[PDB]
Amino acid sequence: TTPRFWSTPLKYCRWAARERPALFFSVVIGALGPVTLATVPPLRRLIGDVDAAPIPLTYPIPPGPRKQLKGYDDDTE
Amino acid sequence: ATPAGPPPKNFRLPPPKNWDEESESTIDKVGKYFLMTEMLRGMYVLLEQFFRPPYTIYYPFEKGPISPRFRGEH
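In structure tokens, the structure reads:
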């Protein structure tokens with residue numbers, strides 16, 4: 004009566020959607036996460052939705068030698 | 699279990715239908731499962747009662763109906 008996945012793959016999927024809905028659509032939703040990772044991000048870069056730069060979580064020290072400032076000295080105090 | 703004489707016309711049930719012979723769309727069938735639609739209907743019937751007049755009598759100020767034939771104390 005109830006089908007067999009490896010004999011009739013499409014026919015099992017209809018029975019499982021109808022007869023085991025919570026179980027079937029659990030595996031469906033779980034697969035959508037792997038799909039959404041694969042699909043939206045490239046399409047986002049196609050439409051020009053650039054990912055935001057990361058926010059600073061430490062003091063942003065610039066690279067290179069020190070600039071040799073002149074100003075705001077003890078005499079100015 | 700059935701009366702004597704010829705069995706009733708179509709007394710015997712039809713053969714059972716397999717799951718894929720049933721006439722109910724997967725969309726209708728799956729939606730009714732996850733949305734719990736028949737339970738939603740019953741909860742709605744209680745809202746209908748909520749806004750209907752109650753049946754209650756304030757006793758002892760209001761009494762229930764008794765006929766002339768009522769049988770009380772002698």
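Residue numbers (the UniProt record's numbering), protein chains in the order written: chain A, 4 to 80; chain B, 699 to 772.
The beta-carbon is built from N, C-alpha and C at its ideal position, and this holds for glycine as well.
Range covered by the alpha helix (DSSP H) that runs through residue i
i: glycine 33 of chain A; result: 24 to 50
i: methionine 737 of chain B; result: 735 to 748
i: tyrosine 731 of chain B; result: 724 to 732
Inter-residue CB distance, residue i and residue j (contact presumed, cutoff 8 Å)
i: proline 24 of chain A; j: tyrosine 15 of chain A; result: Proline 24 of chain A to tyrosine 15 of chain A, Cβ: 14 Å. No contact.
i: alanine 20 of chain A; j: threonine 724 of chain B; result: 6 Å
From the options, residue whose alpha carbon lies closest to that of residue i
i: residue 780 of chain B; options: A/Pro66, A/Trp18, A/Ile32; result: As shown, chain B starts at 699 and ends at 772. That puts residue 780 of chain B outside it, with no answer to give.
i: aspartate 718 of chain B; options: A/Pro65, A/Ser10, A/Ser29, A/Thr4; result: A/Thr4
i: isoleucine 50 of chain A; options: A/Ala56, A/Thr42, A/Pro57; result: A/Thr42
Closer than 9 Å at the beta carbon, the chain B residues around residue i
i: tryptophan 9 of chain A; result: In chain order: nothing, as chain B lies at least about 18 Å away.
i: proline 57 of chain A; result: What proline 57 of chain A touches in chain B: nothing, since even the nearest Cβ is about 39 Å away.
Neighbouring residues, chain B, relative to residue i (Cβ below 7 Å)
i: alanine 20 of chain A; result: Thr724, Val728
Per-residue contacts from residue i into chain B (C-beta, under 8 Å)
i: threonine 4 of chain A; result: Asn716, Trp717
i: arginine 17 of chain A; result: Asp718, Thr724
Where residue i meets chain A, residues with beta-carbon distance less than 8 Å
i: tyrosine 731 of chain B; result: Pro24, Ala25
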